[PDB]
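Chemist: Protein chains in written order, with the deposited numbering: chain A, 3 to 467; chain B, 6 to 465; chain B', 6 to 465; chain A', 3 to 467. A prime marks a further copy of an entry chain.
For every residue, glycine included, the Cβ atom is placed at its ideal position computed from N, Cα and C.
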Amino acid sequence: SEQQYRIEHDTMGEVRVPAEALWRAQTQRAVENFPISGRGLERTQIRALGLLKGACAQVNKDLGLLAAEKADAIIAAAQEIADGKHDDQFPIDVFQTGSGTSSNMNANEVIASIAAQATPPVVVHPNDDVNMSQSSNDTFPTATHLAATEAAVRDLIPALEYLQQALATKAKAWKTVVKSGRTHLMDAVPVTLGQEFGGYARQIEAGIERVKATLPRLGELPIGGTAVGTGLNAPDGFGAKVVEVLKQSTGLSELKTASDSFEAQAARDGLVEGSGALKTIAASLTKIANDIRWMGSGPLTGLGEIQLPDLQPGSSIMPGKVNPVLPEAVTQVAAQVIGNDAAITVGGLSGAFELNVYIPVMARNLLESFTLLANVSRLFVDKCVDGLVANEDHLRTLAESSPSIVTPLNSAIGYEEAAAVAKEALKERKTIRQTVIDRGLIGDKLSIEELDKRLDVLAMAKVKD
Amino acid sequence: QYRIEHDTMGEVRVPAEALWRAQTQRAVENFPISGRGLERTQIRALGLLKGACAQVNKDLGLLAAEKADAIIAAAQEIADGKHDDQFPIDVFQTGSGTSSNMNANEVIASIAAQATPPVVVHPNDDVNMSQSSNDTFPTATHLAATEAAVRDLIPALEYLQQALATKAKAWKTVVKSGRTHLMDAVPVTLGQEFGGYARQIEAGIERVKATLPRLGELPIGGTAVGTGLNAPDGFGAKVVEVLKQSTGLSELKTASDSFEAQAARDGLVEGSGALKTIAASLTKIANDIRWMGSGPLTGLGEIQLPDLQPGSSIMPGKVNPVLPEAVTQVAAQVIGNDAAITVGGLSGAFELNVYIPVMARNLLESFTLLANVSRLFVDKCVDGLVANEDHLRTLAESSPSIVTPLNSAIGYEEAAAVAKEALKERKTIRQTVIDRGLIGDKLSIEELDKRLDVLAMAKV
Amino acid sequence: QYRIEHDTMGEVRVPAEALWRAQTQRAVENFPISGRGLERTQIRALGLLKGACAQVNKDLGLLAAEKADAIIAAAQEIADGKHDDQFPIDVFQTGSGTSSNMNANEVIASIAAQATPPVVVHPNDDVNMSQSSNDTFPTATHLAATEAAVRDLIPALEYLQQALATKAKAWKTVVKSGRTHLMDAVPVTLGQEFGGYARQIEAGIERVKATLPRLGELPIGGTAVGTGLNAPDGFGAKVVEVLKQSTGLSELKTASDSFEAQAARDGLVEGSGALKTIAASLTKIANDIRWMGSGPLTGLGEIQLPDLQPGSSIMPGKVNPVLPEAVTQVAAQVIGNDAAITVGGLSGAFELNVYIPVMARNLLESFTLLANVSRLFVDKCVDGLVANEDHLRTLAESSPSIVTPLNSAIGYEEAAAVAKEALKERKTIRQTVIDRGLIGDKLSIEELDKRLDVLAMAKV
Amino acid sequence: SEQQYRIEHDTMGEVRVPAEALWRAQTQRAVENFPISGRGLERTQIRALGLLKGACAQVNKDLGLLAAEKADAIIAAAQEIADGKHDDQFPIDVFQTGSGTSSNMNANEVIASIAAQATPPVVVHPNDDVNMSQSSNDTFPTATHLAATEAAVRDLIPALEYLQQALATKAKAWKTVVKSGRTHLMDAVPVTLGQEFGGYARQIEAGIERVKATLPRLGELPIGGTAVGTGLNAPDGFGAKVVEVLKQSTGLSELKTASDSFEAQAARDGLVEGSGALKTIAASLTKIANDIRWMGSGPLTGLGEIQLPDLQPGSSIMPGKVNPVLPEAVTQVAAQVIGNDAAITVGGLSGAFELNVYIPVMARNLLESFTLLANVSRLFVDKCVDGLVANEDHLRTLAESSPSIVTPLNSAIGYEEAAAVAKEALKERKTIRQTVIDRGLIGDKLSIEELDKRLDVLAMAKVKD
C-alpha cells in the first residue's frame, strides 16, 4: 500500500516523516533538501557518530549534567548505532549543509526514537539531551577525524604493512636474479629483480612513514569547542573527558584534543594533510603496479620478464589472452585518490571565519581514499605480488644483451672510447667483449682477465646482501 | 547454495539464484575494492547497446532470429532496470571493463535460458558477437555520458539560467554598491549581477554543447584494437543508427578514427573540462549569494534566502545558506573528479586506454551532481530570493567611490582628495566637493548632482 | 640615483633612468615574490590595447589629437618590445593587475614626455581615459591568449598533425602486433596507430578552436564594474574594432555580458581544459613512441628515434628518447597550470575576480610550452622515426591472439584452448588447430590460412 | 658583429659552441634540442650543482681516485659556480631530458672550461674527471633534494616562523577584543579577534610542523647509486662520504644517504611528499588571507572590522579606493602552489623501472612553491599583518547584534523556546534581553541577574588566557 507518515516537528514547524523511519523532522527536511548524489554517510562514519554520541552522554552523566536514566538510554541507543544496527536510518546525502548539521541531527533524532521504543520508554530531547554540550561544529568533524584516524591506523597501515612484507619477500627471493636495468626505457646496466622489489618495498615503507607523520594532527579532534571554538555551553574540560572515553573504547592512541580550538573548527587542514600522504602513496603504487604489468607484458611481444597469476579470462574476444587486471585496479585506485585529493584541497581552502563548511565532501573523499588504498593493497598481495614468477633465463639474457655493460670499462679506457666500443658492438652485432678485443684495447690498461671480471653481469649488479 | 558455471579458465561456484556466471563471479572475487558497481545509467546504456548489437547481427544474417530476439528482449529488460542486482562487479575492475561486458553477456544468456520460448545463447559467441569489451564498454560509457549531458545537465542548466535571468529582470533597477577586491566600488544593480550569473550558466551550456561532437563519438565496430576484426563491414555505423533511433540522441556518431577511440578516452577528459568550468561558475554564483544573504545583522544583509531547515543544533533560530553550501561542495567534487579523469586519460598505452571504469565513474558522477544540485538551487534558493532594496540603496549611496564620475571634471587626483577628505571627516562626497571649492568653471551644482545620482551611475 | 614622482598616496623615489613612476615603484616594493614579471606577449598586448583606447578616445573627440597621437606612438613602441625592461612588476601583484595597468600608463607618459614634439599626458586622466584595470588587464590577457591559441598553438598542432598523418600513410602496410593491457593482441599496422595519434592532435585543434568563442571575449568598455561608467557609448565595440584591424584576429569580440566578463575569468578556465586534454593526448603519443623506441636490445625495439644528444654521462654510447621526455614533462606542467587556473577561476567575489595575473600567467605558459614542444617533437623526433619492419612482422606473427579470427568457425572456447595449447607447447596457432583435429566440416586448410594472414587481419 | 663559435665535441661528434660560452658540446646540443620555456635552472639549483660537484671531487681526491691537481681545479671551479659567478653559463631549458643529463653535463663542461682558463691551466675531462663516480641519475636529483632541503630549512620555515610570531602577536594584543563569530557566514556567538588570530597562528605552526615532517625523506639523497642505484663505477661508501662533506659545508643537518638506493632513483616520491606539505599551507594561507581581506572589507559597505595598511593606490579609475593587495598576493601564490603540486604529482607517478625521468619539472615546481611561499609570508607580515588596526567599537556592536547570543540560555529554557526568543527578537527588532522578558521567561528557571550575566558578550567569548 501507499507510504505512511507520522508528524514530527522542529523550530521551523511540522514535517511529515515516513512511519518506518527512526529519524525525525530535521533529518526529513535534509532528505527533501539535498537529493544530490543519493549516497549518505558510510558505515565507518555512522559508527564514529554513534561512538561520539555515547561518549558525550557518558561525560554529561559523569559531570552531573544529564540524569542517569537519560544518559543510559542515549548510550544504549548510541551503542546500537555504533554496532551498525541502524545504518538505514541515516538517509541524508553527503552533499548536505557543510557543517554536517543534518547528520548530527540525524544521530540525535535516531537516538531519541530508539530510546522512546525501549523497555521502558525513555524520552530524551534530540537537542537538549542527546546534543547536550555539543555543536555539529565540533562533533561532526570530531566523528570525521576519528573515522579517518581509525582508517589510517586499523585499515591502511596494516594493509600497507602487508604489501611491504610481500614486496620485501620478493626482494630477498630474487636477490641474485640478474636482469637489465632500464633508464629512460633504454638498456642500462644490470640490476637484480630483487633490488627492484626492494625499491618497491621501501616506497611502501616510506608510505607507512608518511601516513604516520600525519597522525599527530589527523588525530586532533575539536570536540569541546562547540559552536565557534569557545566551548560555550560545554563544561570545563568536556573535550578532554570525551577524548579520554574515546581513547579507552577505540584503542586509538593517536586521538587528542585540538592544539587550538579555533583552528580545529575554522579549518580541516588535517584532512588536507592526510590526503597528501595518500596521494604520495597513489604515486608510489602507480609506479610499482606499472613496472609489474610491464615486466609481465607478453607473452611474446613484450618484455616477458615475469609471470603474473591468472585471475580471469582476459578478453571477451581474444581467446586465451590474460590481462594484468590487478595492476589495472591498483592504477585506477591511484587515479581516484589523486582526484579525491584535489576535491579535499578545494574544500580545505574554502573555509570562512569560525567554520569550514566543506566537512562532508572532505570526509567523503579522505575516507574513500583510505578504503580503496587499503582494499587494493591487500588484493595486490594476494592475487598478484605473492605468486609472481621470474623468467630467470630470459632475464640473464637481457642483462647480457645491453650494450651498456661496457660501463665498468670507463676507468680503464675512458668514457669516449667506451662509447665507440658500444657503438661498434651494436652496429656490427658483436659482443662488447669481442669489440674491446677488436679495437686493440687489450694491453697495459686492461688485460683479458680484467675484461672478463668486469663484464660479469651478476657481479656488475653489485648485490649488497 | 551454489551452482557450477565455467569459463575458459575453468569452473566457478556461482550463487544459485544469480543470473551472472563464471566470469562475473571471478570479478566479484577479484575486485572487492570500493563496494560500488555500475550505476543505473551505465547498466541501462550497456543493455541498449547489447540489444542494438543483436539487432544488427540479426539484420545482417549473422545471428539467427530466435537467438537475436531472445537477446534483444533480455537486453531491454536490463535497460529498463529489472536486473540491476545482477551487476555486482566493482567499478575498480579491469580497466577495459571486460568484467562488466561479460556480466552483461552472462546475465543476458541466463535471462534467455528462462524466457518463452527458452533459447540458449552463448555469452561469447552469440551475445558478444562482432564485439569486444574495448569498443562496447567505452561505447556504453560515451552513450551514458551523452545522455547525461543532453537530457540531464543541459535541461537543469537551462532551468538555473532561466531562474537567474528572471532575477536579472526582476531586479534591474535595484541599485546597490558594487564591490571589487571586496571594497566599496561604484553602483550596480542586483539585476546586473544576476544577468552576470545567468550568462555564466548560459556559457556553461555552450561549453557542454561544444564537447558533444567528440563526447558523442562511439568506438563501436572497432572491436579488439580498432581494426574491426570479427565485425562485418559497417557494424558500427549500423549499431549507431539503431542507438539514435531508440535513444533519440542526435549527437551520437561513429569515431572519426577507430584507433583514437580505443587507444584514448580524450573525449571524457574534454567533457570533464566543461564540467570543471561550470564548477567554477557555480562556486562564484553560490558564494556571492551566501555573502549577499549574510547576517541577519553582522554581514552584508543584501538579500534573504528561503529558510530550508533549522541551521544549528546549538544556536537557536539561526538559519544557514545550506543550498549554496551544497553547490560549492558539489563544485569541489567535480574538480576532484576532473583530476581523476585527467590521470586516467593520460595513462593509455598502445591500442587501449585501460582506465575506462574510473573515468566513466567520475565523469557520470560530475554530470549527476551538477544536474541535481542545479535544479535544487533554483527551487529551494534562487526563486525565493528577496532583495532588501532600501538597505541596498543605502549601500550604493555610502560608497566613497561614487566620486568616480567626477574624473572628467576634476581629474583623478583631485577626485581622490575629495574621497579621502570625505572619509576622514565623515562627510558626503557632494559636500566635500563643495567644501574643497570645486563648484565654478570646472563643475556646476546641477552637474555634480546629475553625476552623483547612483541609479544613473549604474547605467541600467 | 633617484628622482621623486607622486601618486594620490604621496611621493615615491623612482630610479632616475626608469620610465615608470610612483605606482609602479610601489608595486616593485610591494610584491617581490617570484622575481618574474609580465611576458613579452603580455606587454605587447597591453601596448596594443592602450594604443587602441587612445585611438577611440581620439575618434570620439574625448582626447585631443596631440595627446592621443603621443600615446599611440608610445604604445606602439611598448607593443614592439622596445621597453620590456620598463615593466618590472611581479606576476604576483594585486589580482586585478592594477599595478601593471598603471605601469603601462606611467611608461607611456614618460615616453610621451620625451617624444617630438614633447607632450605631457596624465597616466590616469589621459592614458587611462575611459578605462579601468578591471576591463583592460583581462582584455589584454584574453587578447594575448587568443593570439597564442590562433598564431602559435594551432599552427604548431597543425604541423604535428601533418607529421603524424605522414607517418600514418608511410606506414600503412607496416604490420605489427597490437597490444591491449600491455599484452599481445591482434595485428595492427604502425600507420593505423599513427593515424590514431594524428586524430588526437586534430581533435586537440578542434578543442582549442571550440574555446575561441568565449576565450576571445574581451570585457573592454565595462570599466570599473561592468556598467561602462566613465566610458562613452560603444567604447568597447570600437576598441575591439581597432584591435581586429591591427591584430587580424577574427575571433575577438565584446563580452556577451559585461559583468560576467569582469566578475569571472571562466573563459580562461575553459581555455585551460582544452590544453589539459591536449596534455593527455601528447602524453599518450609520446609514451607509445618512447616505448616503441625502447632497447636497443632489452625492450620492444619497434622503431628508431633520431639521436639528438649523448644519453648518459656514465653509460657510454647510450642514447635516450629526450624529446618524448620533454613532451611528457610539458604535459605535466600544463596539468599543474590547469589546477592553478582552476583555483583562480572559482575564487571571484562580486564585481571582480582578482586572480587575473596568476590565471594569465598559467594559461599563456601552457600555450607556449605546448606550441614550442610540439614543433620540436616534429623536427627532432617524429619526422626522423624509422620502422623496423621485419621485427614488427615477427611480432605480429608471434601473438597467440591471432587465433581470434577463428571464433566464428570454432567458437571462442575452442579457440581459447588452441591458444593455451600453442603457448604451453610452444607450437604455432595453425599447427595447434591441425593437431586438435579442427580441420574438417568446421574449417578448411584454405580458410585457416586465409584467416591467419596477419596483414589481412590488420584490415588496412 | 656576427656571432662567433669554437668547436667542441662529444661522442656524437662536433658541435659549434658560442665563443663567449664556458659550456661545451653537450650543453650546446641541449640548447638546440629544448627551446621550450626559455627558463633554465634557478640560482638555488646552480648553487646545489656547484656544491655537489665540489664535494664529489673532494671525495674522489680523498680516496686517491682523482689526482690532487685535477681535484683542486674542479673544486675551485665548483666553488665559483656555487657562489653564482657563472649563472649565465647554464642556459639549458627546464624542459630538457628528464634525468637532467644535460644540466649535469652543463656543470661538467663549465667546470672543465673554468679549469682550463685558470693560472696555471688544468685539463680535466668533463666525463672522466668532473663526473668521476657519478651519474646524472644520482647527482641531479641529489642537487634537487639538497636545494629543496635548503629552501625548506633556511627559506620557508624561518618565513613561516616569522608569520606565526606576527599572528600570535595579534592573538595576544587582541585577546579581549570582542566581536561576533560567524559560521556559514551567519551571525554566530561572540569570539574575540585574538582567538581568531590564535587560530591563524596555529595554522602556520602546524604548517611548520608539516614541512618538518617531510624532511626525513625530502632530505634523502641518492648520491652513490650512480646509473641504476647499484653504485657501479663508484667506490664503496662514496655516497656516505659526499653527504658528510655536504652536511659540513651547508650546515643542513637533515641531509642523509637514501634508505633504499633504487627507490631514490626510480622515484621522486620525497618531492611529492614535500609538495603535499606546501599545498596544505596554501590552504591555510588562503583561509587566513581571506578572513583578513573580508574583515578589512569596506570602508562602508563591508564588514569594516579591521583596517589594513595602505600599500598603493587601489584603482586606476576609482579615486581614493585602497585594496587588500597583500591578501591578493597571498591567495594567488596559494593557487600557484596548488597547481604546482598537481604538476609534481603527475611527474611523481610517471616513473619507469630504474629511473623517474621527470626530475627537472618536479624540481622546478617544488622549489618555486617554496620560494613563493617564503617571500609572500615575509611580505604578508611586514606590509599587512603587523600594522592591522581593529575597529573595536564597531566590533563590540557586532557581537551584541547577533540574535544567537540567546545560546547560553539553552540550559535554562530549552533549545526550542530559545529559538522562539531569537525569532521574535528579530521579527520585532527587539533585543534578546527584552524578548526573554516579554515571553514571560523570568521566573524560577531564570532570574534577571542570571539573564544579564549570561548575555554578556565578552563573558560569552570565554577568553581562556
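(1) Output, in chain order, the set of chain B' residues within a Cβ distance shorter than 8 angstroms of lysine 72 of chain B.
(2) DSSP three-state label for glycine 183 of chain B', please.
(3) When burial is assigned at 16 or more other CB atoms within 10 Å of the CB, is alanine 70 of chain A buried or exposed?
(4) Determine, for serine 406 of chain B', whether the minimum Cβ-Cβ distance to residues of chain A falls below 8 angstroms.
(5) If contact is defined by three or more beta carbon pairs under 8 angstroms, each pair taking one atom from either stretch, is the stretch 140-152 of chain A' in contact with the stretch 184-204 of chain A'?
(6) Taking just the CA atoms, how far does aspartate 388 of chain A' sit from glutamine 119 of chain A?
(7) Do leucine 280 of chain B and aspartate 343 of chain B count as a contact pair if the criterion is CB distance below 8 angstroms?
(8) I need the DSSP call for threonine 303 of chain B, collapsed to helix, strand or coil.
(9) Quick one: which chain B' residues come within Cβ less than 8 angstroms of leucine 313 of chain A'?
(10) Whole angstroms is fine: what's the gap from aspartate 130 of chain A''s alpha carbon to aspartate 454 of chain A's?
(11) With hydrogens ignored, establish whether the beta-carbon of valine 247 of chain B' is closer than 7 angstroms to any heavy atom of the ligand GTP.
(12) Decide if the stretch 259-271 of chain B is in contact with the stretch 193-209 of chain B; the criterion is three or more beta carbon pairs, one per stretch, under 8 angstroms apart.
(13) Once the 5 residues before and after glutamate 426 of chain A are set aside, which same chain residues still bring their CB inside 6 angstroms of it?
(14) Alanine 79 of chain B CB to nearest chain A CB: under 8 angstroms?
(15) Rounded to the nearest angstrom, what separates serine 251 of chain A' and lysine 243 of chain A' at their Cα positions?
(16) Using 8 angstroms as the Cβ pair cut-off and three pairs as the minimum, do the stretch 406-414 of chain A and the stretch 328-343 of chain A touch?
(17) Whole beta strand (DSSP E) runs in the stretch 237-315 of chain B with 3 or more residues, listed along the chain?
(18) Could you check which residue in A':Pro128, A':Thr99, A':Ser137, A':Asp157 has the C-alpha nearest to that of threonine 46 of chain A'?
(19) Answer with buried or exposed for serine 318 of chain A, where buried requires no fewer than 16 other C-beta atoms within 10 angstroms of its C-beta.
(20) Quick one, which of A':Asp85, A':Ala420, A':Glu34 has its alpha-carbon nearest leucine 51 of chain A''s?
(21) Can you give the Cα-Cα distance for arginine 41 of chain B' and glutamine 91 of chain B', rounded to whole angstroms?
(22) Identify the residues that DSSP records as bridge partners of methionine 188 of chain B: which are they?
(23) Would you kindly report the start and end of the unbroken alpha helix (DSSP H) that includes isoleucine 450 of chain B'?
(24) What is the DSSP secondary structure of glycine 341 of chain A, reduced to helix, strand or coil?
(25) Strictly by DSSP, which residues pair up with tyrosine 7 of chain B'?
(26) Can you give me, in chain order, the residues of the stretch 371-391 of chain A' that have a beta carbon less than 8 angstroms from any beta carbon in chain B'?
(27) Should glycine 298 of chain A be flagged as near chain B, meaning a C-beta pair shorter than 8 angstroms?
(28) For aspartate 12 of chain A, go through chain B and note every residue whose CB falls closer than 9 angstroms to its CB, in chain order.
(29) Please report the distance separating the alpha-carbon of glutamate 222 of chain A from that of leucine 54 of chain A.
(30) Mind listing the chain B neighbours of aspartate 189 of chain A'? Cutoff is C-beta to C-beta under 9 angstroms, in chain order.
(31) Between which two residues does the alpha helix (DSSP H) harbouring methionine 14 of chain B extend?
(32) Considering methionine 320 of chain B, what are the terminal residues of the alpha helix (DSSP H) in which it resides?
(33) Strictly below 9 angstroms CB to CB, what residues from chain B' border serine 137 of chain A'?
Modeler: By the coordinates alone:
(1) What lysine 72 of chain B touches in chain B': nothing, since even the nearest Cβ is about 14 angstroms away.
(2) strand
(3) exposed
(4) yes
(5) no
(6) 59 angstroms
(7) yes
(8) coil
(9) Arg31, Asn35
(10) 22 angstroms
(11) What this structure holds is no ligand at all, so the ligand GTP is not there to describe.
(12) no
(13) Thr437
(14) no
(15) 13 angstroms
(16) no
(17) none
(18) A':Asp157
(19) buried
(20) A':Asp85
(21) 13 angstroms
(22) B:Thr185
(23) 450-457
(24) helix
(25) B':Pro20
(26) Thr373, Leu374, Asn377, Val378, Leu381, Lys385
(27) no
(28) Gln314, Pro315
(29) 14 angstroms
(30) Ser299, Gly300, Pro301, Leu302, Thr303, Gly304, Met320, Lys323
(31) That residue, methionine 14 of chain B, is in no alpha helix (DSSP H); it is neither H nor E in DSSP.
(32) No alpha helix (DSSP H) contains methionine 320 of chain B, which DSSP labels as neither H nor E.
(33) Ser317, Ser318, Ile319, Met320
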